[PDB]
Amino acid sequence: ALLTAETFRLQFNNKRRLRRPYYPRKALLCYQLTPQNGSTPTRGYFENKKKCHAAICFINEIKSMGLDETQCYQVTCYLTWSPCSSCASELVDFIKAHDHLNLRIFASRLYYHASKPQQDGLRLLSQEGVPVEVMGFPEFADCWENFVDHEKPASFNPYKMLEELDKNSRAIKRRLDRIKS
């Protein structure tokens, strides 16, 4: 299952939105499990469901895969919104449980307004060794390359989109760095 170009552009657009998002907080998560021995990487994505938030559905997917724990793995997660406090705590517990699994978290946007629970969740994830980094051009390009359907042409120019995303990420990186300590 692959995303469309328009869905990718709408979800990962990091140009600071003006009109507040309405409930529920729609959040996309694309993940890539890469086996370190070289076998086929597994890719997927999850949205916010009333059943589970994207991070929780991702954690449950990794748990249900039943990984060969004699191997080592690299996991990369591209999120549209950075995780909330509860998802951050669940991710910290998931990181601690799996010492054969090196996790990297990237986020397109952090949040519309700053909050103590979300900032403390991000600080907890940072102290555990998996800080929520901001997506730049390499991360947007990798997520575009591997998760979008390219059999059919896009309705827009992808290079201008990647340029706009990279341009907007520069200030969001400063917003993230002002907090991290």
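A residue's number is simply how far along the shown sequence it sits, counting from 1.
- Averaged over Cα atoms, the B-factor as recorded in the entry is higher for 150 to 158 than for the other of 55 to 63 and 150 to 158.
- Of the two segments examined, 40 to 48 and 22 to 30, it is 22 to 30 that shows the higher average Cα temperature factor in the deposited entry.
- Of the candidates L110, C72, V75, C87, it is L110 whose Cα B-factor is highest according to the PDB record.
- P117: CA B factor lies in the highest third for its chain, per the PDB record.
- Placement of the Cα temperature factor of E139 within the chain: lowest third of the modelled residues, per the deposited record.
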